[PDB]
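So the structure is just underneath, and the comments pick up after that.
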Amino acid sequence: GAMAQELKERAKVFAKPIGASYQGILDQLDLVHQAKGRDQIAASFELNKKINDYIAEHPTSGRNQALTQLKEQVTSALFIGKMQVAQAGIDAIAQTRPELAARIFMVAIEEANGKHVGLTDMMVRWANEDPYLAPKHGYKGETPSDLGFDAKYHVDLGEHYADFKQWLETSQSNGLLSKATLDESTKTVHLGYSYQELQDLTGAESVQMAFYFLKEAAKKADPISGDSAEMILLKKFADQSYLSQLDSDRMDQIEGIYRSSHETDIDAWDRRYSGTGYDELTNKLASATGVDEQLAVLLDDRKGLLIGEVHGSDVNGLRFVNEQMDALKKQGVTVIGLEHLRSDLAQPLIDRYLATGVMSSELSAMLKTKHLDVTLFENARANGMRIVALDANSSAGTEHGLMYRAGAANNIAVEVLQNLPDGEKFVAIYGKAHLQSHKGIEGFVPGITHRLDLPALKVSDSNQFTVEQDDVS
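Right, here's the structure in full:
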């Protein structure tokens, strides 16, 4: 009958029933109403995204222009006054990455107040050109709370589930990969390790095998793009909380790189370790014969030592520290720094060994991977010294990836080696890649040497120290 369907129709023209995607907008509004600080800003950006997503799927919906005005009101409230100066860049990122735009938005507020001018454009340029800041969906859905750890990935293995299960349980029976839980019902694995942390445990054949089937499983999920296995795991199987952690940390490092370029006194460094300062130091160091009085020159009002090693053999640093450890102890050295290990996981393992005297399996696997002598850790514990890991959690094809690592290594070196107890020196071992400063078109990052006010050193097979010159194009 013509009656009804018509009666049904204007029941809709008046009060249209709440759809599944309009409800998401109505719920997103409640977040804008209740949230404070940065969360409220991010919610507003997420609101605009859900509005823009709604209009695309539903062009003829009558809610469009009502939502369009709503988006206008929100956008105007956000970028009022001096905030419109960087509106274009931020709002462009907010179209795909609301939470990332919010972090930059907070910086833009401080820059509207005169603080750290130029940081906003730097963080925008990074978010547009650095692949690691590209839109990363990750895994969204049901996540277990039974885990005794914070899962970084939720990888669906599929056909490689059987082979992964074997090498995982083989590793867990050896005290490796403890933070990992399987689920055959979904054939997924709740992994608590990053791509970088697994790579430092590949010294054990059991882990490297499981690492293989993991990387292969990711390539099955996305063989159409040019993304590496590491990138796929982030875009497809990464935990949402972990992605927020990575984005937050990566924003902090850019801000760290920014402040390093203005506040680090390079003028004093070049006067002390370059030109005349380099000549005065080299000649005074050359006059010293034997190990002990050479260390006296190098630690003459200097917080520590920076010895460099390059790729291949080149391990005089690791050899000198192990053999002449008490010679360092005499000079006041109490800390030994290694760039060979990543701080986030290696440091609790090292501290537990230095305290109990028992080396865990996970630490033993790391030492095997990085070809580190266990005798070093034994002599360090016997001498009451502390070994610290100095590497960041970054990758080993853009320039931004190298600048991130160079800056993140600086922050680690600062929070560990810069402010030791008065009288305590240190001996850190870096590659010659970080003892130098990064001078690229896309930015500048001061080297470890600059932020720690120390020269770059090189020790020969005859235990003779020579001061390396700064690499400047």
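Counting from 1, position 386 in the sequence shown corresponds to residue 538 in the working numbering; the numbering is continuous, with no gaps. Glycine is no exception: its CB is placed at the ideal position from the N, C-alpha and C atoms.
Would you mind giving the Cβ-Cβ distance between residue i and residue j, rounded to the nearest angstrom? I have them listed as a contact below 8 Å.
i      : j      : result
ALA558 : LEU328 : No, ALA558 and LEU328 are not in contact; Cβ-Cβ is about 31 Å, not under 8 Å.
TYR313 : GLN405 : With 8 Å as the limit, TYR313 and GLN405 do not qualify as a contact, their Cβ atoms being about 36 Å apart.
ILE232 : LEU219 : The Cβ separation is near 21 Å, so there is no contact.
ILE256 : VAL276 : 6 Å
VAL467 : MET537 : Incorrect: roughly 19 Å between the Cβ atoms, too far for contact.
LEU609 : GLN570 : Incorrect: roughly 18 Å between the Cβ atoms, too far for contact.
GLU432 : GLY583 : That belief does not hold up - the Cβ atoms of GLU432 and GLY583 are roughly 27 Å apart, past 8 Å.
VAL226 : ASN200 : 6 Å
Restricting to Cα atoms, I'd like to know which of the options is closest to residue i.
i           : options                        : result
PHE389      : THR333, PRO296, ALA332, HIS289 : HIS289
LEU450      : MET235, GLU594, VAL619         : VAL619
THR333      : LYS317, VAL487, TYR347, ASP273 : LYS317
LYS520      : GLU445, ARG424, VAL473, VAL359 : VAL359
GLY189      : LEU299, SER413, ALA254, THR354 : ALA254
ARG494      : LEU433, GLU349, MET403         : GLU349
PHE529      : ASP503, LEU554, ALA548         : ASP503
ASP417      : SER546, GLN616, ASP302, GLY599 : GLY599
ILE564      : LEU285, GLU475, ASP401         : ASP401
residue 628 : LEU252, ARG454, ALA420, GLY310 : Past the edges of the chain, shown from 153 to 625, lies residue 628, and the structure says nothing about it.
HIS414      : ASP302, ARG249, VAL597         : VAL597
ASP302      : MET403, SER547, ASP391         : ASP391
On the DSSP letters alone, give me the boundaries of the alpha helix (DSSP H) that residue i sits inside.
i      : result
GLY429 : 428-439
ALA279 : 271-281
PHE472 : 468-475
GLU620 : Here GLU620 belongs to no alpha helix (DSSP H); instead the beta strand (DSSP E) covers 617-620.
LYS160 : 158-166
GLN397 : 392-415
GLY559 : 552-565
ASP422 : 418-425
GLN446 : 443-450
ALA548 : Element bounds for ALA548: n/a, residue is neither H nor E.
Going by beta-carbon coordinates alone, are residue i and residue j separated by less than 8 Å?
i           : j      : result
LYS577      : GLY484 : yes
residue 636 : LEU458 : The requested residue 636 is not part of the displayed model; the chain covers only 153 to 625.
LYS202      : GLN186 : no
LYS304      : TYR394 : yes
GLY509      : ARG471 : no
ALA246      : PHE197 : yes
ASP525      : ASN474 : yes
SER426      : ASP622 : yes
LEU515      : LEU506 : no
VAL341      : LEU385 : no
Over what stretch of residues does the beta strand (DSSP E) that includes residue i continue unbroken?
i      : result
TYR582 : 577-583
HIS590 : 590-592
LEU609 : 608-611
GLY595 : 595-597
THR601 : Run containing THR601: none in the beta strand (DSSP E); it sits in the alpha helix (DSSP H), 600-604.
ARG538 : 538-543
Within the present structure, is the beta-carbon of residue i separated from the nearest heavy atom of the ligand ZN by less than 7 Å?
i      : result
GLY293 : Among the components modelled here there is no ligand, and therefore nothing to report on the ligand ZN.
> Which residue spans inside the stretch 294-368 form an unbroken alpha helix (DSSP H) run of at least 4?
Replying inline: 313-324, 347-351
>> Report the start-end ranges of each beta strand (DSSP E) in the stretch 452-526 that is 3 residues or longer and not cut off at the edges.
In response: 456-461, 485-494
> Hey, which unbroken runs of the alpha helix (DSSP H) at 4 residues or more fall wholly within the stretch 225-250?
Replying inline: 239-245
> Can you list the alpha helix (DSSP H) stretches of 4 or more residues lying completely in the stretch 154-218, in chain order?
Replying inline: 158-166, 172-186, 189-209
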